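Okay, coords_32.pdb now, which holds PDB, C-alpha atoms:
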MODEL        1
ATOM      1  CA  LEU R   4      -8.358   2.191 -19.631
ATOM      2  CA  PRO R   5      -8.864   3.267 -15.985
ATOM      3  CA  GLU R   6      -6.376   1.620 -13.626
ATOM      4  CA  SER R   7      -7.818  -0.968 -11.236
ATOM      5  CA  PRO R   8      -8.591   0.302  -7.692
ATOM      6  CA  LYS R   9      -5.643  -0.126  -5.249
ATOM      7  CA  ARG R  10      -6.039  -2.079  -1.975
ATOM      8  CA  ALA R  11      -5.100  -0.371   1.330
ATOM      9  CA  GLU R  12      -1.884  -2.467   1.580
ATOM     10  CA  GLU R  13      -0.722  -1.485  -1.926
ATOM     11  CA  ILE R  14      -1.243   2.239  -1.218
ATOM     12  CA  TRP R  15       0.786   1.900   1.987
ATOM     13  CA  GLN R  16       3.488  -0.129   0.162
ATOM     14  CA  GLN R  17       3.843   2.659  -2.417
ATOM     15  CA  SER R  18       4.390   5.172   0.416
ATOM     16  CA  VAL R  19       7.261   3.153   1.976
ATOM     17  CA  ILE R  20       8.918   1.074  -0.785
ATOM     18  CA  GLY R  21      11.749   3.615  -1.459
ATOM     19  CA  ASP R  22      12.693   3.476   2.244
ATOM     20  CA  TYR R  23      12.655  -0.339   2.465
ATOM     21  CA  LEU R  24      14.733  -0.641  -0.736
ATOM     22  CA  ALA R  25      17.298   1.861   0.644
ATOM     23  CA  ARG R  26      17.344  -0.068   3.918
ATOM     24  CA  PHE R  27      17.874  -3.454   2.297
ATOM     25  CA  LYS R  28      20.399  -2.110  -0.241
ATOM     26  CA  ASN R  29      17.994  -2.950  -3.058
ATOM     27  CA  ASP R  30      17.446  -6.620  -2.161
ATOM     28  CA  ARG R  31      13.884  -6.562  -3.513
ATOM     29  CA  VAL R  32      12.638  -9.893  -2.107
ATOM     30  CA  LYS R  33      13.800  -8.900   1.377
ATOM     31  CA  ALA R  34      12.327  -5.386   1.100
ATOM     32  CA  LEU R  35       9.014  -6.985   0.072
ATOM     33  CA  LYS R  36       9.233  -9.534   2.880
ATOM     34  CA  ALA R  37       9.882  -6.766   5.405
ATOM     35  CA  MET R  38       6.917  -4.775   4.114
ATOM     36  CA  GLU R  39       4.693  -7.873   4.298
ATOM     37  CA  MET R  40       5.722  -8.462   7.953
ATOM     38  CA  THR R  41       5.142  -4.793   8.801
ATOM     39  CA  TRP R  42       1.640  -4.575   7.274
ATOM     40  CA  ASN R  43       0.702  -7.879   8.944
ATOM     41  CA  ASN R  44       1.783  -6.493  12.343
ATOM     42  CA  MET R  45       0.123  -3.039  11.943
ATOM     43  CA  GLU R  46      -2.970  -2.449  14.121
ATOM     44  CA  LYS R  47      -6.313  -1.427  12.596
ATOM     45  CA  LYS R  48      -5.704   2.104  13.906
ATOM     46  CA  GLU R  49      -2.492   2.320  11.813
ATOM     47  CA  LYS R  50      -4.215   0.814   8.746
ATOM     48  CA  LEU R  51      -7.201   3.174   8.916
ATOM     49  CA  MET R  52      -5.647   6.031   6.892
ATOM     50  CA  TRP R  53      -4.818   3.484   4.147
ATOM     51  CA  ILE R  54      -8.330   1.955   4.300
ATOM     52  CA  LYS R  55      -9.671   5.495   3.688
ATOM     53  CA  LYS R  56      -7.327   6.029   0.724
ATOM     54  CA  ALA R  57      -8.459   2.674  -0.720
ATOM     55  CA  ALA R  58     -12.137   3.704  -0.331
ATOM     56  CA  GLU R  59     -11.378   6.955  -2.177
ATOM     57  CA  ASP R  60      -9.565   5.081  -4.953
ATOM     58  CA  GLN R  61     -12.674   2.949  -5.481
ATOM     59  CA  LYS R  62     -14.515   6.258  -6.000
ATOM     60  CA  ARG R  63     -11.711   7.440  -8.337
ATOM     61  CA  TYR R  64     -12.149   4.225 -10.382
ATOM     62  CA  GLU R  65     -15.948   4.748 -10.488
ATOM     63  CA  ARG R  66     -15.582   8.391 -11.648
ATOM     64  CA  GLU R  67     -13.112   7.297 -14.356
ATOM     65  CA  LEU R  68     -15.460   4.558 -15.570
ATOM     66  CA  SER R  69     -18.187   7.199 -16.002
TER      67      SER R  69
ENDMDL
END
Now that the file is in, can you turn its structure into structure tokens?
Amino acid sequence: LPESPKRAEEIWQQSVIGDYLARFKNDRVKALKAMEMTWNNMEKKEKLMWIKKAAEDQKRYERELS
């Protein structure tokens, strides 16, 4: 029953989705496109906090399995 571990990009997406949806007046394909473009353009230094969160969620998954 434990949820699968979340990738760095997914954790970041969760943090910003409300804002992109409000921007694009709830055009969901466009909000998702915009987020895809943004993540793809982000430098490693900007992705690092999300990489860390993804590493911790792998540990969360492992705890929950045991």
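Reported to one decimal place, the separation of CA of residue 9 (chain R) from CA of residue 63 (chain R) is 10.2 Å.
The environment of residue 15 (chain R) within 10 Å, counting all atoms listed in the file and disregarding residues fewer than 3 places along the same chain, consists of residues 9, 10, 11, 12, 18, 19, 20, 38, 42, 50, 52, 53, 54, 56 and 57 of chain R.
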> Which of these residues is nearest to residue 39 (chain R), using all atoms listed in the file: R:22, R:64, R:13, R:55?
Replying inline: R:13
> Between CA of residue 59 (chain R) and CA of residue 8 (chain R), what is the distance, to one decimal in Å?
Replying inline: 9.1 Å
>> Taking all atoms listed in the file into account, name the residue in R:35, R:29, R:23, R:14 that is nearest to residue 51 (chain R).
In response: R:14
>> Quick check, in Å to one decimal: how far apart do CA of residue 61 (chain R) and CA of residue 5 (chain R) lie?
In response: 11.2 Å
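The residue that comes closest to residue 36 (chain R), out of R:58, R:24, R:49, R:7 and on the basis of only C-alpha atoms, is R:24.
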>> Using all atoms listed in the file for the distances, tell me which of R:16, R:26, R:21, R:67 is nearest to residue 41 (chain R).
In response: R:16
